[PDB]
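Architecture and fold: a report
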Amino acid sequence: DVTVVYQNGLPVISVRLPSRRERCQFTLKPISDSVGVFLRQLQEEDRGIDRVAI
Amino acid sequence: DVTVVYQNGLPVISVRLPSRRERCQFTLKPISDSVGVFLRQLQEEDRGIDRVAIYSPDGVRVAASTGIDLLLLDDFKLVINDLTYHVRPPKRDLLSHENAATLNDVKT
Amino acid sequence: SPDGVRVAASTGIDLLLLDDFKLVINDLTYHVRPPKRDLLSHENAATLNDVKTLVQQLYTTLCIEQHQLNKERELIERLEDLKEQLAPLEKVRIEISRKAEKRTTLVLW
Amino acid sequence: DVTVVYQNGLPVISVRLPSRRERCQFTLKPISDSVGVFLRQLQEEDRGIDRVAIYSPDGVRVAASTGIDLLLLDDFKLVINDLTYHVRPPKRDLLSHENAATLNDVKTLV
Amino acid sequence: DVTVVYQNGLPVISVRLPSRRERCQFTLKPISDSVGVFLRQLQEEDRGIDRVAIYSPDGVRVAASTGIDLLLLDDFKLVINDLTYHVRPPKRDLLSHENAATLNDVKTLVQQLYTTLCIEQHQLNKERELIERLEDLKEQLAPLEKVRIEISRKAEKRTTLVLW
Amino acid sequence: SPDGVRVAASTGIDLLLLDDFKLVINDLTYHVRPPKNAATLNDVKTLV
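Rules of the game
- Residues numbered from 1 in each chain as written, not as in the entry; some residues may be left out.
- Chains lettered and ligands numbered in written order.
- Part of a larger assembly, values for the part shown.
- Heavy atoms only, no water.
- Helix = DSSP H or I, 4+ residues; strand = E, 2+ residues; numbered from the N terminus.
- Buried < 20%, exposed > 50% of the residue type's maximum accessible area, 1.4 Å probe, protein only.
- Contact = heavy atoms within 4.5 Å.
- Areas by Shrake-Rupley, 256 points an atom, 1.4 Å probe, with all protein chains shown as cover.
- Rg over C-alpha atoms; globule rule 2.2 N^0.38 Å.
- Expected span 1.5 Å × (residues − 1).
- Patch = residues over 30% accessible without salt bridge, like charges linked within 9 Å, V, L, I, M, F, W, Y side chains within 5 Å.
- Salt bridge = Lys/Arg side-chain N within 4 Å of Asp/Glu carboxyl O.
- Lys, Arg positive; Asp, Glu negative; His and termini not counted.
- Charge placed at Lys NZ, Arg CZ, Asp CG, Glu CD.
- Pairing = 2+ DSSP bridges.
- Buried area = accessible area lost by both parts, 1.4 Å probe.
- Polar contact = N/O pair within 3.5 Å; in protein donor to acceptor, adjacent residues only side chain to side chain.
- Axes fitted to C-alpha atoms, helices over the stretch in contact; angles between N-to-C directions.
- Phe/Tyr/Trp six-rings, centres within 6.5 Å; stacked < 30°, edge-to-face > 60°.

By the method listed in its record, cryo-EM, this PDB entry was determined to a resolution of 3.6 Å.

Following this line, the structure appears as structure tokens:
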């Protein structure tokens, strides 16, 4: 499943991408990052993510 | 897995798309369709497919121009990403190969 | 389809409307069942469906469209065979049809 | 490494594409096609191919829009980015004696 | 094989490319650049490269946004169209892991505060208090400005007389 | 690059000229010597 844990001051989130059944991880800077930009990083990571919301 | 079977004069190909683990099915006109357009049709169905190619059973990669009829004559490996579904259901009735025979069966 | 499999992005409408089919929105599954009106005998449709593919194979088992394009290409060269033989006869006729015309404009004057 | 064989009266080249070390096999229409459009296909299987050309042993460049049957009937150099394979095209089998006659009826019916 | 060695204090990735098998090298600023750029840069250097994805030492793959230095901290497998080049970057962490941890503890612990009580929201309010204070004086100047615009005009209209 | 390693086709111009290299045209090797920020443990002691 999904888990988030902090590393080097930033939180990394190891989502489970749908295609490739792959487990990608994101280092997102939580001061100047809206979900509006963390999601793009999901889709543009593997466009197979049709819809994604929180 | 993946299987191809004929319906209403055309072959339907019921691949399993990766995202959502759906089982999409394409009807593809075996005359005016090259794998160059069945694949591009396969991606745009669900863009989550990095690479998609078609392998003749001996590892040799099928082209991007062969017409599906030319391909459907035998089996072939359809590889989407890491997975390799090798379809061998095309149910070729090429038992006789006899043009005189099939024509006789046609007219029959 | 009536079951889980997904209709592609290229299936023709009539090829789809043959039976009922679930149509899904962003969060809903509208369950559509169009009126069935083909009325061709199902088994007969099959024995025709057999014919269609059976011809289809014959059409490509022996590369017809490779032979059609050959037949046409054989026609071109024949045209380009005659159109060659014309080139000698054309000049000597372009000559006379000038000379014998150069007279008829004289007598015309 | 390059081979030309025949499936269903059609030539089937077997190149050795660079980017994957993977053999792709085109089929060619010896009438409609042309090295002008065959090369274009040879690109679209691996864009990593940039300097690609093809020519007869002496003839240093068979021009585009050359009938494939012209090229096909004799060996030729196939130049991929650096590897230049020389093909061994098979001499077409001759069965056009009289079957073609009774076949040219079959074909024009189907 | 591929490897990264530092030069000028920058990382130079000495990759081997599939199409043109010839060791091309990449430079990349460990701050401004991110894998989403270097990868995409390597994506455009060659063409036959079709699907590249940089992988953590295990199955986990890195994002398209992780900063290079955040990646170069340890080993990582880099995958080309059909191969898994296994990079081993030079160990350059140069900080006690526990101390690195207790600082990593601080960094988050600060920001947690920085957003627990909308500190960012308070800075704007501070400035928005400065604007009005300026706009409190600047308007309070508008009465005195008129009479001083007149006086200045008059006293100047008189000094140009004596000047003449 | 001096080691014969072909530099990237999109490396930084400044990073190119930051060091010696060997520009080439069809045959030549115009060996050119133009004139004259990774995070580190030394620097981190300063932030603390």
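There is more to say, and it comes next.
The next subject is the overall build of chain D. Scanning chain D from N- to C-terminus turns up three helices and six strands. Along the three orthogonal principal directions, the C-alpha set of chain D runs to about 45 × 30 × 25 Å. Taking all 110 residues of chain D together, the buried fraction comes to 47%. Residue pairs in contact within chain D that sit at least 24 positions apart in sequence constitute 42% of those at least 6 positions apart. Counting only carbon and sulfur atoms, one obtains 52% of the accessible surface of chain D, whose full area is about 5,700 Å².

The number of helices and strands found in chain C is three helices and three strands. The globule rule puts the C-alpha radius of gyration for 109 residues at 13 Å, and the 32 Å found for chain C is more than 25% above it. On the principal axes, the C-alpha backbone points of chain C span a range of 90 × 40 × 30 Å. Taken across its 109 residues, chain C has 18% of its residues classed as buried. Roughly 8,700 Å² of accessible area belongs to chain C as shown, and the carbon and sulfur atoms make up 60% of that amount.

Let us now look at helix α2 (residues 42–61) of chain C. Three- or four-residue spacings in an α-helix give side chains the same orientation, since the helix completes a turn every 3.6 residues. In a regular helix each residue adds 1.5 Å, so 20 residues correspond to 28 Å; α2 of chain C covers 28 Å between its end C-alpha atoms and thus fits that length. Buried positions along α2 of chain C lie against β1 (4–7), α2 (68–72) and α3 (99–107) of chain B together with α3 (64–108) of chain C. At the exit of α2 of chain C stands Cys63 of chain C, carrying a positive phi of roughly 40 degrees.

Let us look at the environment of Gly67 of chain B. All names here are of chain B. Along the chain, the position of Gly67 falls in the loop between β5 (61–62) and α2. The spacing of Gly67 and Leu17 is 50 residues in sequence and 22 Å in space, taken between C-alpha atoms. Once you skip the residues sitting within four places of it in the chain, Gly67 turns out to touch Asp33 and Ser34.

What follows deals with a negative patch on the surface. Taken together, the side chains of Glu74, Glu77, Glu80, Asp81 and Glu84 of chain C present a region of like negative charge at the surface. With respect to the helices, strands and loops of the structure, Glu80 of chain C is situated in helix α3.

Time to look at the environment of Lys91 of chain B. All names here are of chain B. Structurally, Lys91 can be placed in the loop between β7 (83–87) and α3. Counting along the chain gives 14 residues from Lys91 to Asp105, while the straight-line C-alpha distance between them is 17 Å. When neighbours within four sequence positions are excluded, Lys91 is seen to be in contact with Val5 and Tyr6.

All names here are of chain B. Where strand β6 (residues 76–80) meets β7, five bridges bridge the pair, whose relative direction is antiparallel. Note on β7: the bridge partner recorded for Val79 is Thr84. From the end of β6 to the start of β7, which pair antiparallel, there are two residues, and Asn81 there has a positive phi angle of about 55 degrees.

Next up on the list: the interface of chain B and chain C. Many structure descriptions define interface size as the accessible area lost when the parts assemble. Taken together, the 29 residues of chain B in the interface contact 21 residues of chain C. Taking both sides of the interface into account, the surface hidden between chain B and chain C amounts to around 2,300 Å²; carbon and sulfur atoms contribute 56%. Looking at the side of chain B facing chain C, the largest losses of area belong to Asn8, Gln25 and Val106 of chain B, adding up to 21% of the total buried there. For the pair chain B and chain C, the number of links is eleven residue pairs in polar contact. Residue assignment for the side of chain B that touches chain C shows that the elements contributing at least two residues are β1, β3 (24–27), α1 (35–45), α2 and α3 of chain B.

The sheet built from four strands is open, its strands ordered β1(E)-β2(E)-β3(E)-β1(F) with mixed pairing. Lying at the two open borders of the sheet, with one neighbouring strand each, are β1 (3–7) of chain E together with β1 (6–7) of chain F. Both strand β3 (residues 23–27) of chain E and β1 of chain F contribute to a ladder of two bridges, which runs parallel. Bridge assignment links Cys24 of chain E to a residue of β1 of chain F, and that residue is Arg6 of chain F. Most of the contacts of helix α1 (residues 35–45) of chain E go to β3 of chain E, to which it runs at about 145 degrees, and overall it touches β2 (10–16) and β3 of chain E together with β1 of chain F.

Next up on the list: the environment of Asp74 of chain D. All names here are of chain D. Looking at the element boundaries, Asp74 is found in the loop between α2 (68–72) and β5 (77–79). The class for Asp74 is partly exposed, based on a relative accessible area of 27%. The contact partners of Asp74, leaving out residues within four places of it in the chain, are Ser56, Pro89 and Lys91.

Looking now at the sheet that holds strand β5 (residues 76–79) of chain E. Hydrogen bonding along the main chain pairs the strands of a sheet, whether they run parallel or antiparallel. Residues and elements named next belong to chain E. Taking strand neighbours across the sheet as the criterion, the three strands line up as β4-β5-β6 in an open arrangement whose pairing is antiparallel. Pairing within the sheet leaves two strands with one partner each, and these edge strands are β4 (53–55) and β6 (84–87). Recorded for the sheet is a direction-independent mean angle of 25 degrees between the axes of neighbouring strands. Alignment of β4 against β5, held across three bridges, turns out to be antiparallel. Residue pairing for β5: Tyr55 is matched across the bridge by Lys77.

For any two aromatic rings, the description comes down to two numbers: the centre-to-centre distance and the angle of the planes. A full pass over the atoms with the stated rule returns four aromatic pairs over all chains. Considering the side-chain rings of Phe26 of chain A and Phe38 of chain A, the 5.8 Å spacing of their centres and the 80 degrees angle between planes classify their relative orientation as edge-to-face. Separated by twelve residues along the polypeptide, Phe26 of chain A in strand β3 (residues 26–27) and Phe38 of chain A in helix α1 (residues 35–43) bring together distant segments of the chain. For the pair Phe26 of chain A and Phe38 of chain A, one class covers both residues: buried. Taking the centre distance of 5.7 Å and the plane angle of 80 degrees together, the rings of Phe26 of chain B and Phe38 of chain B count as edge-to-face. Within this pair, whereas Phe26 of chain B is found in strand β3, its partner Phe38 of chain B is found in helix α1, the two being separated by twelve residues in sequence. Taken as a pair, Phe26 of chain B and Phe38 of chain B share a single burial class, namely buried.

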